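See below for the structure under consideration.
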Amino acid sequence: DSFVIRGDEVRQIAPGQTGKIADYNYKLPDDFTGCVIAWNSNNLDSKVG
Amino acid sequence: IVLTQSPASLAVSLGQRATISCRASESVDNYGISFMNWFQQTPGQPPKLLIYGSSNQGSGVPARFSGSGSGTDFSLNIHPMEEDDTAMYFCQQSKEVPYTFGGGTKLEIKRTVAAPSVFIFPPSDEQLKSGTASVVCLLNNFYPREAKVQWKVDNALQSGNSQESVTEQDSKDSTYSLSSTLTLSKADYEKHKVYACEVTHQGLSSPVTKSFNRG
Amino acid sequence: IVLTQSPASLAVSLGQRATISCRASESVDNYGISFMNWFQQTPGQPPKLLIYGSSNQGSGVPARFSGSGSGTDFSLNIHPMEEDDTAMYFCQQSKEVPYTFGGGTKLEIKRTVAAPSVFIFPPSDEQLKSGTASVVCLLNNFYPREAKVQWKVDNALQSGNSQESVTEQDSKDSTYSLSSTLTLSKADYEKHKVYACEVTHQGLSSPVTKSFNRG
Amino acid sequence: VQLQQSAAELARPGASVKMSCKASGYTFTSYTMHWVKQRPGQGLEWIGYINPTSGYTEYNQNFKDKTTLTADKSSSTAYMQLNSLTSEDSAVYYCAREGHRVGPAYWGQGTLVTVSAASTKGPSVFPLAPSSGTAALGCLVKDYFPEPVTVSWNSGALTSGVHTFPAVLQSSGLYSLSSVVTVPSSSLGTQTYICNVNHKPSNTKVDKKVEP
Amino acid sequence: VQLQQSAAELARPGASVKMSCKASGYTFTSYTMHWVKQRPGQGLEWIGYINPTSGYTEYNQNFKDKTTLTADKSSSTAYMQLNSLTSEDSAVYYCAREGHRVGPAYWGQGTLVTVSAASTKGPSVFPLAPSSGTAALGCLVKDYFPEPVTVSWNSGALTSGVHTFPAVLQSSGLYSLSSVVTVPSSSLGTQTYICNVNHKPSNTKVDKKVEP
């Protein structure tokens with residue numbers, strides 16, 4: 001799975017996390033035998049204006 | 001790791017079980033051992049280690065404090081409740097580099113419900129000379145901490161003009177004291193006749209109104 | 001809810017931080033999000049949404065405008081202020097049913113304090129034929145808006161007989177202009193000899209009197 | 001998203017006035033329509049909102065008695081009616097489309113509603129001749145109703161140093177403004193200065209001459 | 001094992017503060033030193049830790065920019081530098097020593113960092129007079145900076161029933177507290193009641209009479 005998130009919300013992509021993204025957008029299961037790979041893309045995603 | 005600390009406001013009488021329960025988002029268990037730790041903070045004192053690991057007790061910690069649990073759920077229990085246990089208790093994790101503390105549980109001793117002594121202080125004359133007015137509503141010797149104060153200026157509720165200060169639990173009286181200051185300009189204070197304080201508390205069967213006219 | 005807008009008359013130089021603050025009597029936050037809102041109104045244009053929510057920016061809002069705050073306290077900041085930012089800025093609440101607006105801040109260009117070009121003007125003779133006498137005191141190219149105008153008829157202060165009109169700032173000069181008009185009947189105008197206007201302005205080390213004898 | 005309204009409604013006290021806001025660029029039913037009051041150069045007050053799909057109207061406590069809101073989805077237009085007009089009702093009313101969790105979000109041009117028992121009257125102009133460096137002169141336009149007045153000088157031949165000040169309403173219910181200019185002293189005698197006043201509701205076009 | 005810290009540093013917004021932790025009772029070269037933040041009456045947030053022997057600093061993500069950790073094994077003293085101080089930074093910072101597999105294990109007293117634009121100001125003390133069983137009276141201390149103010153009655157001659165409420169920071173940036181006492185109704189006539197207030201930063205020792 002892949003998406004774009006705000007930096008302060010990268011902490012919410014994890015098992016047993018609360019917050020708007022975790023509670024209403026993307027909820028990881030408690031088991032979750034897997035990895036989360038997040039990198040900053042301020043140069044690519046953010047545009048002028 | 002986010003630690004959620006169930007009940008964070010606990011009132012238990014002396015000699016009774018008191019449980020503060022910390023639940024972790026992820027397993028704090030690593031290398032087989034548990035890294036959940038419990039700290040105690042006496043008012044005016046730095047936090048002190050009570051429980052290092054899930055169950056091992058810190059140096060100079062009485063047998064009353066006992067920590068238990070595993071995985072993501074842990075609990076701290078103090079059965080022989082004593083006067084020296086009124087403090088703030090934190091749960092902390094050492095499994096991951098960013099150490100996260102719990103919300104903190106304020107533990108206080110319990111006593112029977114008492115009605116508040118409600119008193120009203122009009123502002124002093126020299127205060128009116130300074131162009132400011134502060135009216136005080138006072139609650140003396142009331143338990144528990146829950147209390148609602150409402151300012152009625154000529155039968156009009158005020159919002160965003162009152163500041164409440166609550167003293168800590170008394171060492172012997174174990175009854176709270178509350179003060180509410182209503183601040184206004186002198187011209188605005190002199191524009192209304194009656195000033196009243198509404199007190200809502202568990203110990204009263206009905207809200208108590210104490211009022212005074214200006215002058 | 002009552003929203004109070006601190007500084008409601010702001011003058012800041014180009015390229016300098018400009019802050020307009022909105023304080024709320026009650027909490028504007030609900031459902032986690034913030035409902036404090038910021039509007040901009042250029043004179044002669046309907047107000048346009050700048051900041052919906054505490055920090056989110058409206059459609060086509062440059063990065064210069066920023067919103068911040070929570071609970072009861074919010075602030076609108078414009079650090080790289082530019083020419084088109086001279087407008088009236090409002091803070092509004094969306095939390096409760098009756099939407100309440102703030103007092104509004106008129107954002108203005110700062111410049112060096114300048115003295116006013118003072119002039120006096122008797123009523124025209126054809127106006128005297130019309131039974132009216134309007135004596136005009138003119139202040140051209142002065143900054144700031146602070147200016148006290150007093151009419152002296154035979155060295156007697158006039159009040160309740162003068163109307164003052166302030167123009168908007170010049171696009172390039174950024175200096176205000178004022179006219180004070182004293183209106184009387186010809187019977188009162190012909191019963192006195194000398195008419196003067198005294199101007200007190202921050203840029204003047206002493207009050208400036210402009211006088212004329214009738215005729 | 002463009003909103004259009006009626007313009008410049010003049011009424012006598014005690015009457016009722018209806019303003020129409022015509023929607024464009026959206027369904028007109030997905031979003032409620034709000035009406036907001038603003039006195040000239042003052043703070044704003046939210047009057048009340050209506051849901052076009054189901055005619056539920058919520059009013060402010062101040063305007064509940066005197067304001068009535070109606071909607072027409074067939075023509076996609078919202079109507080606002082005011083009754084028992086007083087001088088305090090003179091304002092610039094705005095219609096706004098709800099969006100971005102803002103009550104009034106996308107506003108419309110504005111309807112200027114003026115409550116007065118006066119009548120359309122022609123202005124009287126008195127040229128402020130210069131008093132006996134740079135000199136000052138101008139013209140005074142008085143006792144006109146209603147706004148606005150188009151003031152020009154020498155058919156636009158003099159643009160620098162002009163200052164047309166906003167009018168002030170008198171206790172009689174009429175408007176007056178003074179237009180002023182600073183000019184070189186050398187042109188006081190040879191160059192002529194003419195002030196053109198235009199009052200289009202009464203169609204008064206007047207040239208007045210300034211000479212010291 | 002005891003740790004000694006600085007005492008109650010005050011700074012203007014945007015300034016920087018350097019804080020010293022002096023180890024005592026251990027080598028100081030075998031235990032990493034942690035720094036923790038605590039707002040008054042709030043939760044604990046671990047700021048970051050430094051290794052004394054090898055200068056490896058690891059900071060919390062929130063405090064990575066504005067915090068610098070240094071160590072000095074020669075004097076056995078750790079240092080913490082806060083830069084770009086704001087109102088959010090006023091708190092009670094704690095120094096801790098590693099122990100028992102806990103990051104912060106042995107804490108040292110606590111240092112109060114106060115960031116504000118205000119200045120040292122003298123308290124203003126007003127008598128809260130009794131109204132016309134047990135009656136109530138007191139004194140009110142308003143507009144003082146910084147904390148604390150020592151308030152007593154008759155120079156400590158009355159202690160029973162004396163409630164000194166904690167100070168609250170007003171919107172103006174100043175502190176105010178009310179010190180109240182309940183007294184017998186009979187004592188109003190004869191017993192004299194005076195409140196003594198001491199503010200060392202302003203060096204004010206003021207005594208006010210309170211009478212019905």
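Residue numbering restarts at 1 in every chain; chains get A, B, ... in the order shown in the structure tokens, and ligands count up from 1 in that same order.
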
After a least-squares superposition on chain E using every in-order C-alpha pair, I'd like chain D written out as an mmCIF file with C-alpha atoms, in the first residue's frame.
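Saved the output as result.cif:
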```cif
data_model
loop_
_atom_site.group_PDB
_atom_site.id
_atom_site.type_symbol
_atom_site.label_atom_id
_atom_site.label_comp_id
_atom_site.auth_asym_id
_atom_site.auth_seq_id
_atom_site.Cartn_x
_atom_site.Cartn_y
_atom_site.Cartn_z
ATOM 1 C CA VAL D 1 24.076 9.494 43.615
ATOM 2 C CA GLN D 2 23.242 13.201 43.898
ATOM 3 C CA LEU D 3 22.590 15.612 41.021
ATOM 4 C CA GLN D 4 22.588 19.420 41.276
ATOM 5 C CA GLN D 5 21.451 22.029 38.746
ATOM 6 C CA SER D 6 21.106 25.729 38.105
ATOM 7 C CA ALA D 7 17.883 27.321 39.341
ATOM 8 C CA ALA D 8 15.174 29.695 38.122
ATOM 9 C CA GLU D 9 16.330 30.899 34.694
ATOM 10 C CA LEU D 10 14.219 33.722 33.244
ATOM 11 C CA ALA D 11 14.569 34.589 29.561
ATOM 12 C CA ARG D 12 12.802 36.621 26.903
ATOM 13 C CA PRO D 13 11.488 34.931 23.740
ATOM 14 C CA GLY D 14 14.056 34.372 21.007
ATOM 15 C CA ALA D 15 17.011 33.939 23.362
ATOM 16 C CA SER D 16 19.049 30.863 24.284
ATOM 17 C CA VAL D 17 19.524 29.369 27.753
ATOM 18 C CA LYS D 18 22.159 26.941 29.055
ATOM 19 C CA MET D 19 21.528 24.701 32.074
ATOM 20 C CA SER D 20 24.220 22.757 33.908
ATOM 21 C CA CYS D 21 23.792 19.445 35.739
ATOM 22 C CA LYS D 22 26.758 18.524 37.944
ATOM 23 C CA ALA D 23 27.178 14.829 38.707
ATOM 24 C CA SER D 24 28.212 13.298 42.027
ATOM 25 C CA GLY D 25 28.632 9.835 43.538
ATOM 26 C CA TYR D 26 29.545 7.993 40.330
ATOM 27 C CA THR D 27 32.088 7.921 37.523
ATOM 28 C CA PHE D 28 29.900 10.186 35.324
ATOM 29 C CA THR D 29 31.208 8.212 32.339
ATOM 30 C CA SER D 30 29.738 4.754 32.963
ATOM 31 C CA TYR D 31 26.194 6.148 32.698
ATOM 32 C CA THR D 32 24.638 8.397 30.073
ATOM 33 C CA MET D 33 22.800 11.581 31.038
ATOM 34 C CA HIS D 34 19.205 12.223 29.967
ATOM 35 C CA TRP D 35 17.279 15.489 29.863
ATOM 36 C CA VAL D 36 13.499 15.473 30.284
ATOM 37 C CA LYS D 37 10.899 18.241 29.962
ATOM 38 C CA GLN D 38 7.902 18.709 32.243
ATOM 39 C CA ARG D 39 5.512 21.636 32.037
ATOM 40 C CA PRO D 40 4.204 22.741 35.464
ATOM 41 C CA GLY D 41 1.639 20.229 36.693
ATOM 42 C CA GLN D 42 1.503 18.383 33.366
ATOM 43 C CA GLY D 43 2.866 15.268 31.687
ATOM 44 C CA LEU D 44 6.548 14.621 31.093
ATOM 45 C CA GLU D 45 8.383 14.578 27.767
ATOM 46 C CA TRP D 46 11.848 13.113 27.295
ATOM 47 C CA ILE D 47 14.095 15.589 25.478
ATOM 48 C CA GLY D 48 17.303 13.718 24.765
ATOM 49 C CA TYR D 49 20.355 11.984 26.124
ATOM 50 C CA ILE D 50 24.133 12.279 25.819
ATOM 51 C CA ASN D 51 26.983 9.855 26.438
ATOM 52 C CA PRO D 52 29.746 11.646 28.399
ATOM 53 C CA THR D 53 32.566 9.319 27.314
ATOM 54 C CA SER D 54 31.869 9.703 23.584
ATOM 55 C CA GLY D 55 29.859 12.752 22.615
ATOM 56 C CA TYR D 56 26.917 10.989 21.001
ATOM 57 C CA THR D 57 23.671 12.926 21.421
ATOM 58 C CA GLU D 58 20.238 11.480 20.681
ATOM 59 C CA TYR D 59 17.354 13.955 20.528
ATOM 60 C CA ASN D 60 13.600 13.623 20.430
ATOM 61 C CA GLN D 61 12.058 14.546 17.088
ATOM 62 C CA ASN D 62 10.332 17.541 18.685
ATOM 63 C CA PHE D 63 13.443 19.010 20.328
ATOM 64 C CA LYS D 64 16.124 18.116 17.760
ATOM 65 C CA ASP D 65 16.256 21.571 16.164
ATOM 66 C CA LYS D 66 16.187 23.685 19.335
ATOM 67 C CA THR D 67 18.160 21.549 21.820
ATOM 68 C CA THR D 68 21.915 21.026 22.017
ATOM 69 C CA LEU D 69 23.576 18.729 24.557
ATOM 70 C CA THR D 70 27.226 18.892 25.624
ATOM 71 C CA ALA D 71 29.285 17.076 28.248
ATOM 72 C CA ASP D 72 32.434 17.903 30.227
ATOM 73 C CA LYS D 73 34.074 14.920 31.917
ATOM 74 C CA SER D 74 36.841 17.067 33.426
ATOM 75 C CA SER D 75 34.337 18.850 35.685
ATOM 76 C CA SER D 76 31.734 16.047 35.408
ATOM 77 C CA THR D 77 28.968 18.365 34.204
ATOM 78 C CA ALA D 78 26.388 18.173 31.416
ATOM 79 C CA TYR D 79 25.167 21.288 29.615
ATOM 80 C CA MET D 80 21.851 21.687 27.825
ATOM 81 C CA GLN D 81 21.168 24.654 25.543
ATOM 82 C CA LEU D 82 17.793 25.777 24.188
ATOM 83 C CA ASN D 83 17.476 28.241 21.298
ATOM 84 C CA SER D 84 14.552 30.230 19.869
ATOM 85 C CA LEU D 85 12.667 30.218 23.154
ATOM 86 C CA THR D 86 8.876 30.506 23.059
ATOM 87 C CA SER D 87 6.131 30.409 25.673
ATOM 88 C CA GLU D 88 5.793 26.659 25.086
ATOM 89 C CA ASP D 89 9.364 26.261 26.363
ATOM 90 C CA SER D 90 8.419 27.442 29.870
ATOM 91 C CA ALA D 91 8.888 24.356 32.029
ATOM 92 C CA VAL D 92 10.850 22.516 34.726
ATOM 93 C CA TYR D 93 13.703 20.695 33.014
ATOM 94 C CA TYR D 94 15.237 17.629 34.666
ATOM 95 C CA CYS D 95 18.599 15.903 34.313
ATOM 96 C CA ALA D 96 18.691 12.194 35.093
ATOM 97 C CA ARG D 97 21.326 9.484 35.384
ATOM 98 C CA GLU D 98 20.648 6.296 33.438
ATOM 99 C CA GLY D 99 20.259 3.168 35.545
ATOM 100 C CA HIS D 100 18.214 0.020 36.127
ATOM 101 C CA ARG D 101 17.616 -0.168 32.356
ATOM 102 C CA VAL D 102 15.583 3.048 32.719
ATOM 103 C CA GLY D 103 16.404 5.963 30.457
ATOM 104 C CA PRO D 104 15.923 8.590 33.132
ATOM 105 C CA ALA D 105 16.520 6.756 36.421
ATOM 106 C CA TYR D 106 18.048 9.044 39.087
ATOM 107 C CA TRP D 107 16.644 12.541 38.622
ATOM 108 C CA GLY D 108 17.859 15.940 39.769
ATOM 109 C CA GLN D 109 16.116 18.725 41.674
ATOM 110 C CA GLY D 110 14.970 20.692 38.615
ATOM 111 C CA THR D 111 15.640 23.890 36.670
ATOM 112 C CA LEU D 112 12.625 26.181 36.256
ATOM 113 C CA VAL D 113 12.974 27.974 32.912
ATOM 114 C CA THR D 114 10.441 30.732 32.232
ATOM 115 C CA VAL D 115 10.127 32.380 28.813
ATOM 116 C CA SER D 116 8.512 35.818 28.978
ATOM 117 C CA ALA D 117 9.137 39.344 27.702
ATOM 118 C CA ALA D 118 7.829 40.876 30.944
ATOM 119 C CA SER D 119 9.868 42.532 33.695
ATOM 120 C CA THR D 120 10.111 42.289 37.469
ATOM 121 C CA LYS D 121 7.092 44.164 38.816
ATOM 122 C CA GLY D 122 5.816 44.922 42.294
ATOM 123 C CA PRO D 123 2.509 43.474 43.465
ATOM 124 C CA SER D 124 -0.559 45.509 44.363
ATOM 125 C CA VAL D 125 -2.500 44.194 47.358
ATOM 126 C CA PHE D 126 -6.216 44.697 47.999
ATOM 127 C CA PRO D 127 -7.603 43.316 51.287
ATOM 128 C CA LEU D 128 -10.784 41.288 50.809
ATOM 129 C CA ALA D 129 -12.663 42.659 53.797
ATOM 130 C CA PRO D 130 -15.444 40.421 55.174
ATOM 131 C CA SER D 131 -18.952 40.891 53.826
ATOM 132 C CA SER D 132 -21.531 42.781 55.880
ATOM 133 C CA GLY D 133 -21.126 31.612 62.791
ATOM 134 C CA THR D 134 -17.824 31.997 60.953
ATOM 135 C CA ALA D 135 -16.883 34.822 58.582
ATOM 136 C CA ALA D 136 -14.481 34.905 55.644
ATOM 137 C CA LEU D 137 -11.796 37.431 54.742
ATOM 138 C CA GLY D 138 -8.410 37.656 53.075
ATOM 139 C CA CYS D 139 -6.136 39.566 50.720
ATOM 140 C CA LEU D 140 -5.581 39.692 46.945
ATOM 141 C CA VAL D 141 -2.102 40.107 45.453
ATOM 142 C CA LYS D 142 -2.106 41.096 41.783
ATOM 143 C CA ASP D 143 0.228 42.170 38.977
ATOM 144 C CA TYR D 144 3.504 40.729 40.251
ATOM 145 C CA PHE D 145 6.266 39.034 38.274
ATOM 146 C CA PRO D 146 7.927 36.646 38.692
ATOM 147 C CA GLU D 147 7.073 33.952 41.231
ATOM 148 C CA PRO D 148 7.130 33.290 44.172
ATOM 149 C CA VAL D 149 5.270 35.306 46.812
ATOM 150 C CA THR D 150 5.613 34.678 50.550
ATOM 151 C CA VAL D 151 2.234 35.240 52.221
ATOM 152 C CA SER D 152 2.032 35.302 56.012
ATOM 153 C CA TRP D 153 -0.610 36.461 58.501
ATOM 154 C CA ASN D 154 0.143 38.415 61.688
ATOM 155 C CA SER D 155 3.769 37.246 61.450
ATOM 156 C CA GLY D 156 2.558 33.657 61.645
ATOM 157 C CA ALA D 157 0.171 34.216 64.566
ATOM 158 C CA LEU D 158 -2.745 32.817 62.503
ATOM 159 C CA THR D 159 -2.096 29.354 61.054
ATOM 160 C CA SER D 160 -5.411 27.488 61.250
ATOM 161 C CA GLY D 161 -7.908 27.987 58.439
ATOM 162 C CA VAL D 162 -5.457 29.726 56.093
ATOM 163 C CA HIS D 163 -5.587 29.023 52.348
ATOM 164 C CA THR D 164 -3.056 30.586 49.964
ATOM 165 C CA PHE D 165 -4.165 29.558 46.489
ATOM 166 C CA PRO D 166 -1.775 29.026 43.550
ATOM 167 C CA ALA D 167 -1.440 31.975 41.204
ATOM 168 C CA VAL D 168 -2.893 32.231 37.701
ATOM 169 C CA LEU D 169 -0.971 33.960 34.925
ATOM 170 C CA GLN D 170 -2.964 36.706 33.225
ATOM 171 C CA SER D 171 -3.121 37.597 29.544
ATOM 172 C CA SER D 172 -0.923 40.586 30.439
ATOM 173 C CA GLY D 173 1.803 38.192 31.611
ATOM 174 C CA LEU D 174 1.442 38.820 35.360
ATOM 175 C CA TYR D 175 0.473 36.692 38.355
ATOM 176 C CA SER D 176 -2.225 37.096 41.011
ATOM 177 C CA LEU D 177 -3.297 34.991 43.995
ATOM 178 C CA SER D 178 -5.935 35.332 46.701
ATOM 179 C CA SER D 179 -5.182 34.280 50.280
ATOM 180 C CA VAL D 180 -8.286 33.548 52.345
ATOM 181 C CA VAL D 181 -9.245 32.539 55.875
ATOM 182 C CA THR D 182 -12.367 31.726 57.875
ATOM 183 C CA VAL D 183 -12.394 33.380 61.302
ATOM 184 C CA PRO D 184 -14.774 33.575 64.295
ATOM 185 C CA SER D 185 -17.311 36.396 64.077
ATOM 186 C CA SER D 186 -16.484 37.486 67.636
ATOM 187 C CA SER D 187 -12.978 38.593 66.591
ATOM 188 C CA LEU D 188 -14.213 40.721 63.668
ATOM 189 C CA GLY D 189 -14.087 43.936 65.699
ATOM 190 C CA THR D 190 -11.376 43.641 68.355
ATOM 191 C CA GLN D 191 -8.769 41.334 66.807
ATOM 192 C CA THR D 192 -6.829 42.785 63.888
ATOM 193 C CA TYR D 193 -5.848 40.875 60.743
ATOM 194 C CA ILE D 194 -2.717 41.823 58.791
ATOM 195 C CA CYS D 195 -1.617 40.171 55.557
ATOM 196 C CA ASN D 196 2.137 40.243 54.877
ATOM 197 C CA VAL D 197 3.134 39.933 51.225
ATOM 198 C CA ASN D 198 6.799 39.387 50.331
ATOM 199 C CA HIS D 199 8.118 39.594 46.758
ATOM 200 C CA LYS D 200 11.855 38.999 47.084
ATOM 201 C CA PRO D 201 12.892 39.557 43.412
ATOM 202 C CA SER D 202 11.430 43.062 43.782
ATOM 203 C CA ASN D 203 11.843 43.073 47.603
ATOM 204 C CA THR D 204 8.301 44.367 48.205
ATOM 205 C CA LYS D 205 7.267 43.713 51.817
ATOM 206 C CA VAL D 206 3.759 45.010 52.528
ATOM 207 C CA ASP D 207 1.338 44.843 55.484
ATOM 208 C CA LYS D 208 -2.340 45.318 54.648
ATOM 209 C CA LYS D 209 -5.115 45.583 57.238
ATOM 210 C CA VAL D 210 -8.456 43.766 57.033
ATOM 211 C CA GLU D 211 -11.405 45.329 58.863
ATOM 212 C CA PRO D 212 -15.151 44.856 58.144
#
```

Problem set entry | Backbone-only DSSP, helix (DSSP H, G or I) members of stretch 110-161 of chain C, as a VMD selection string | chain C and resid 125 to 129

Counting only C-alpha atoms, which residues of chain B fall within 7 Å of chain E, and what is the closest atom pair for each with its distance in Å at one decimal, ordered by chain and rising number, as a Markdown table?
```
| residue | atom | partner | partner_atom | distance |
| --- | --- | --- | --- | --- |
| B:45 | CA | E:109 | CA | 6.7 |
| B:46 | CA | E:109 | CA | 5.4 |
| B:47 | CA | E:107 | CA | 6.6 |
| B:48 | CA | E:107 | CA | 6.9 |
| B:49 | CA | E:105 | CA | 6.2 |
| B:52 | CA | E:100 | CA | 6.2 |
| B:94 | CA | E:102 | CA | 5.8 |
| B:98 | CA | E:60 | CA | 6.2 |
| B:99 | CA | E:46 | CA | 5.8 |
| B:100 | CA | E:45 | CA | 6.6 |
| B:101 | CA | E:44 | CA | 5.8 |
| B:103 | CA | E:43 | CA | 5.7 |
| B:104 | CA | E:43 | CA | 6.4 |
| B:119 | CA | E:136 | CA | 6.9 |
| B:121 | CA | E:128 | CA | 5.9 |
| B:123 | CA | E:128 | CA | 6.6 |
| B:124 | CA | E:127 | CA | 6.0 |
| B:127 | CA | E:126 | CA | 6.8 |
| B:165 | CA | E:165 | CA | 5.9 |
| B:166 | CA | E:165 | CA | 6.3 |
| B:167 | CA | E:165 | CA | 5.3 |
```

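Once the Cα atoms of chain C are best fitted to those of chain B, pair by pair, the RMSD stands at 0.3 Å.
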
For this session: For chain A, work out the contacting residues on chain B at 10 Å, counting only C-alpha atoms, and write them as a ChimeraX atom specification.
Result: /B:1-2,24-26

Exercise. Where does DSSP see strand (DSSP E or B) in stretch 91-127 of chain E, if you list the residues as a ChimeraX atom specification?
Worked result: /E:91-99,102-115,121,124-127

Proximity of chain B to chain C: per-residue shortest pair, 10 Å limit, only C-alpha atoms, as a Markdown table:
```
| residue | atom | partner | partner_atom | distance |
| --- | --- | --- | --- | --- |
| B:158 | CA | C:25 | CA | 9.2 |
| B:159 | CA | C:25 | CA | 6.0 |
| B:160 | CA | C:25 | CA | 4.6 |
| B:161 | CA | C:25 | CA | 8.0 |
```

Problem set entry | Coordinates-based distance that separates atom CA of residue B:191 from atom CA of residue B:131 (Å, one decimal) | 13.3 Å

Problem set entry | Atom-to-atom span, atom CA of residue B:39 and atom CA of residue A:19, Å | 26.9 Å

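A straight line drawn from atom CA of residue C:118 to atom CA of residue C:139 is 4.7 Å long.
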
For this session: Tell me, as a PyMOL selection string, which residues lie within 10 Å of residue C:14, counting only C-alpha atoms; anything in the same chain fewer than 4 positions away does not count.
Result: chain C and resi 18+79-83+85+108-111

Could you take the residues named above and write them with N, CA and C atoms, as a PDB file, in the first residue's frame?
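Result file follows (result17.pdb):
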```
ATOM      1  N   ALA C  18       3.136  41.213  10.387  1.00  0.00           N
ATOM      2  CA  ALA C  18       1.891  41.819  10.836  1.00  0.00           C
ATOM      3  C   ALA C  18       1.037  40.749  11.497  1.00  0.00           C
ATOM      4  N   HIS C  79       4.012  37.927   7.368  1.00  0.00           N
ATOM      5  CA  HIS C  79       5.392  38.398   7.478  1.00  0.00           C
ATOM      6  C   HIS C  79       5.848  39.162   6.240  1.00  0.00           C
ATOM      7  N   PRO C  80       5.809  38.603   5.012  1.00  0.00           N
ATOM      8  CA  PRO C  80       6.228  39.398   3.853  1.00  0.00           C
ATOM      9  C   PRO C  80       5.083  40.226   3.292  1.00  0.00           C
ATOM     10  N   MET C  81       4.613  41.200   4.068  1.00  0.00           N
ATOM     11  CA  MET C  81       3.485  42.018   3.647  1.00  0.00           C
ATOM     12  C   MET C  81       3.824  42.792   2.379  1.00  0.00           C
ATOM     13  N   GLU C  82       2.862  42.859   1.460  1.00  0.00           N
ATOM     14  CA  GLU C  82       3.054  43.524   0.181  1.00  0.00           C
ATOM     15  C   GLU C  82       1.868  44.464  -0.034  1.00  0.00           C
ATOM     16  N   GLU C  83       1.885  45.189  -1.157  1.00  0.00           N
ATOM     17  CA  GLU C  83       0.984  46.326  -1.346  1.00  0.00           C
ATOM     18  C   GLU C  83      -0.487  45.936  -1.246  1.00  0.00           C
ATOM     19  N   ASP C  85      -2.123  44.028   0.445  1.00  0.00           N
ATOM     20  CA  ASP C  85      -2.562  43.510   1.731  1.00  0.00           C
ATOM     21  C   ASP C  85      -3.274  44.555   2.577  1.00  0.00           C
ATOM     22  N   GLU C 108      -2.701  48.806   7.483  1.00  0.00           N
ATOM     23  CA  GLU C 108      -2.271  50.014   6.798  1.00  0.00           C
ATOM     24  C   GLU C 108      -0.759  50.027   6.624  1.00  0.00           C
ATOM     25  N   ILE C 109      -0.316  50.810   5.644  1.00  0.00           N
ATOM     26  CA  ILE C 109       1.099  50.921   5.313  1.00  0.00           C
ATOM     27  C   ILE C 109       1.753  51.921   6.256  1.00  0.00           C
ATOM     28  N   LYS C 110       2.894  51.545   6.826  1.00  0.00           N
ATOM     29  CA  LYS C 110       3.649  52.449   7.680  1.00  0.00           C
ATOM     30  C   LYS C 110       4.616  53.295   6.864  1.00  0.00           C
ATOM     31  N   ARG C 111       4.859  54.510   7.348  1.00  0.00           N
ATOM     32  CA  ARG C 111       5.827  55.413   6.744  1.00  0.00           C
ATOM     33  C   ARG C 111       6.287  56.405   7.804  1.00  0.00           C
TER      34      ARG C 111
END
```
